[PDB]
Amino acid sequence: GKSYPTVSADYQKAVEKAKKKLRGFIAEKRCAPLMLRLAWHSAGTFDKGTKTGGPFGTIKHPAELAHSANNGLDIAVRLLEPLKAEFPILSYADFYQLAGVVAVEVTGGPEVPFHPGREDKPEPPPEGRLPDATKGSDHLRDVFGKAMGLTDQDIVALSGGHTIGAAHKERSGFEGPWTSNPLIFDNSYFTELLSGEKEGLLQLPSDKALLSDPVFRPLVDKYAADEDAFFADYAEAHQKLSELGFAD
């Protein structure tokens, strides 16, 4: 159950103006995938049992940026700082999650509902909570299930965020896009994953894990066949992720 906090009218006005400015900025800079990854890596540190981590603005801290999993996200933070400065009333936590919602929207994805009121927290979570691309389904459930508190459906739908963007050998070490159209939010991640490896496209071991797991594979098949079902389940999961630890 979520009970969202009240924010002032002025705060609500700034969310709306920031949403529009983020559309223009993220479209022009071609940085939707990185902005989605910043929001995801922000939220994905939540541990439900201790209620630590999650989307509370800490990823901008040099000490969280310096986590190995977060290679390259300093770029994201830097790119957003001038625009954030235009919206002093907004928390960083809300601004980065709004950026992730807008990243999905401006690449043609679902409209993920957005609620303001996240407070910036003073201290980043311990390093080590983000998923490891070399591991498989048990590990995915450890991180998205046992720590974050998301469902198996959420795991597969959120994995579809790889439909935009690419890996970089100087960041993670992996290299290349998952899809032929890495600035378009669609179900291609799943149709690629099914079709086997393609010259010039990437699959992580963690993506492949989806194919061999009895619960994940029917969802991959669903999303490959029905982009609308993918969009519905993605929007549900992204909203949940963006709200972990918030408004509970």
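Start at 1 with the first residue shown and count on from there.
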(request) Check the entry's C-alpha temperature factors for 120-128 and 151-159, then say which stretch has the higher mean. (result) 120-128
(message) Quick check: 202-210 versus 63-71, which has the larger average CA B-factor in the record?
(response) 63-71
(message) Quiz for you: based on the deposited Cα B-factor, which of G100, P110, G173, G145 is highest?
(response) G145
(request) Using the B-factor values recorded in the entry, state whether the Cα atom of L241 falls in the lowest, middle or highest third among the modelled residues of its chain. (result) lowest
(request) Just say lowest, middle or highest third for the CA B-factor of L194 relative to the other modelled residues in its chain. (result) highest
(request) Name the third of the chain's ranked CA B-factors that contains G49, choosing lowest, middle or highest. (result) highest
(request) Determine, from the deposited record, the chain-internal third of the Cα B-factor for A43: lowest, middle or highest. (result) middle
(message) Per the entry's values, where does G57 land by CA temperature factor relative to the rest of its chain, in the lowest, middle or highest third?
(response) highest
